[PDB]
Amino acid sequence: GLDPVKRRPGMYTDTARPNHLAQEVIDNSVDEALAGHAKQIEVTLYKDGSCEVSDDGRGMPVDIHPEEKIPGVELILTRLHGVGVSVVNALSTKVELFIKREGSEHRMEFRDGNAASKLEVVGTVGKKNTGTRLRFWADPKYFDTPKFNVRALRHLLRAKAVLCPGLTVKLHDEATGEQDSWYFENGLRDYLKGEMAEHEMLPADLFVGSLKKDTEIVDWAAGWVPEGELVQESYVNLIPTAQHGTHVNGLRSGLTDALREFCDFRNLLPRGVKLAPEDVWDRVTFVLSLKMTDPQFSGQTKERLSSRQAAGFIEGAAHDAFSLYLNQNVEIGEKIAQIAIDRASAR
């Protein structure tokens, strides 16, 4: 039942505004992209206060539950991250979805969380034309305001394109008429490269790496920027960790050890000078994406990754990869080392 959600909405979403509800719907479309089924996601914010999310994924199954004898889509919508789309339906005066699947376009409507129609066959489409679109009308009585924080949504949607290479994410704000489109073929590297295009850095095209250990998967892009504002973003299962944490500590620790060993072999350290992790990390710009099973968060807001396992995993990945890179790019390596050494010497 959805009654519990209606009684205490604050326990299932952020009642400040409907942004979180939109996130839930967006996440479901992103899963299709992460699974390699969707390549396009469009979000529309309407003047009537509703929000729609459309994707070209497989589309929600349009079959009937043998026991419940009702559409599988109905069970999903009638029965913070990963709370489920049912929460969106429960806190909306109306929800309308269109599903393109198996050569047909289907429609279903809900009102105040209850089915307001049957699963209707409303169109015929090509076999390859599939996807889901869900539009919801948040019930203002549950939120301080029905208005969306568009800026926060822009940042979040861009992250999806960054974290899922090849995915095109669009946003359309009907109130203003403003449109946005994000796409990053390479993912992390293209995004970081574009965000730092105004400053000179080492490597010029960044230092990239990745490692998969059957459950743990890490991806990163980093560079040293002598002058300029640094971009520093980390994620765990697509969840942004504003306070970074154990995964970032691993990256930092691993790049530091590689650089220190490099300075040792090349004998670049001035008399009595030793590199401290802060010397190496001070001018670093990066984007880090970790994927692990059941991550644990710490901090007064759970915006920091606490999983100790993640530290050792990434440290080993960054250590081995950066050592390899430095040893095959000596000049670039010595310039990076010098940036860190200049800090150490300046102390």
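Residue indices: 1-based, along the sequence shown.
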Between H155 and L156, count the deposited residues left without coordinates and pick a bin: none, 1 to 3, 4 to 9, 10 or more. none
The stretch whose C-alpha atoms carry the larger average B-factor in the entry, 292-300 or 310-318, is 292-300
Mean Cα B factor from the PDB record: higher for 192-200, or higher for 118-126? 192-200
From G82, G223, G131, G254, residue of greatest CA B-factor: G82
Between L91, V95, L171, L211, which carries the biggest CA temperature factor in the record? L211
Sorting the chain's modelled residues by C-alpha B-factor, tell me whether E32 ends up in the lowest, middle or highest third. middle
Can you tell me whether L21 has a C-alpha B-factor in the lowest, middle or highest third compared with the other modelled residues of the same chain? lowest
Third of the chain, ranked by Cα B-factor, where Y183 sits: middle
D205: C-alpha B-factor third of its chain, per the entry, is the highest
Entry-reported C-alpha B-factor of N267 relative to its chain, by third, is highest
